[PDB]
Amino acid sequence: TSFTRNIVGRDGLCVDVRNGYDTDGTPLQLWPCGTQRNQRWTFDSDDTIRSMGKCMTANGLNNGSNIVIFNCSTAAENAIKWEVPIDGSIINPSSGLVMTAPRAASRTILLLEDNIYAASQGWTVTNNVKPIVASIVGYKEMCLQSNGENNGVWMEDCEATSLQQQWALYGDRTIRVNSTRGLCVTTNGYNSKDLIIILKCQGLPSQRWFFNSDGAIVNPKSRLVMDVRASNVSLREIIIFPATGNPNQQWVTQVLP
């Protein structure tokens, strides 16, 4: 009924009990990923998430409350239950608040905050603590390609050698330029027809993505999906647009060697 994984989030760092202490009340933080026991989280059918035999616990259920480790039997029941939405949030059901890394740096302390679907609120429960590196193949079997910081992404004929067709799929639900991992696929607004470009990763809702079961790449805040504009590759414009199920919005990842 239980299984154990790392939890990877902002900038590819992991959820870590600060300094390996199991004392009740010790904050959770970001720290570079590893196998140490204070980064190994056991998910149970009672919706608890445990490390070193203690529970991930909201120290209060307010916006900005700290998340800590605490004895499972003595903590408040409402403070120790968590769900894991398919879009990569980690949510406390009682409060509706979500796990958030307010800064990218190692040693950032994790907080419960209002859900704004930010990349700083995206997490991946996994034993692979390295980003997955893949092509993203879409309309007409062409590949998504980055064309540098501040420019639009667009489709091109796939080629195994193009580094600008290689994407690092990070645990915080960002899609990064593999050769330049400080750069993020970013929608330039939350409205239909806004352009998708590459920008410096900043933890924003504009930089968070979800690969859903219909082949779409969804931006949770806008609700809108990746779309090759007007089904016209020659425009060299990828936008966000409502999900239509059409070929111009279908994508798959293909892992690279």
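Residues carry their position along the shown sequence, with the first being 1.
Query raised in the report: What stretch has the higher average Cα B-factor here, 213-221 or 42-50?
Result: Higher of the two, by average CA B-factor, is 42-50.
Query raised in the report: Averaging C-alpha B-factors over each stretch, which comes out higher, 159-167 or 180-188?
Result: Going by the record's values, the stretch with the higher mean is 159-167.
Query raised in the report: Per the entry, which of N115, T108, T124, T74 tops the list for Cα B factor?
Result: That would be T74.
Query - Residue selected from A243, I240, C14, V233 by maximal Cα B factor - result: That would be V233, according to the entry.
**Report entry** CA B-factor ranking of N62, expressed as a third of its chain
**Finding:** For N62, the deposited C-alpha B-factor lands in the highest third.
Report task. Grab the CA temperature factor for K200 from the record and place it in the lowest, middle or highest third of its chain. Result -> CA B-factor rank for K200: middle third.
Query raised in the report: Lowest, middle or highest third of the chain for the C-alpha temperature factor of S94?
Result: Top third by C-alpha B-factor.
Query raised in the report: By its CA B factor, does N151 count among the lowest, middle or highest third of the modelled residues in the chain?
Result: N151: CA B-factor falls in the middle third of its chain.
Requested in this report: Tell me, lowest, middle or highest third: where does the Cα B factor of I80 rank within its chain?
Outcome: Its C-alpha B-factor belongs to the middle third of this chain's values.
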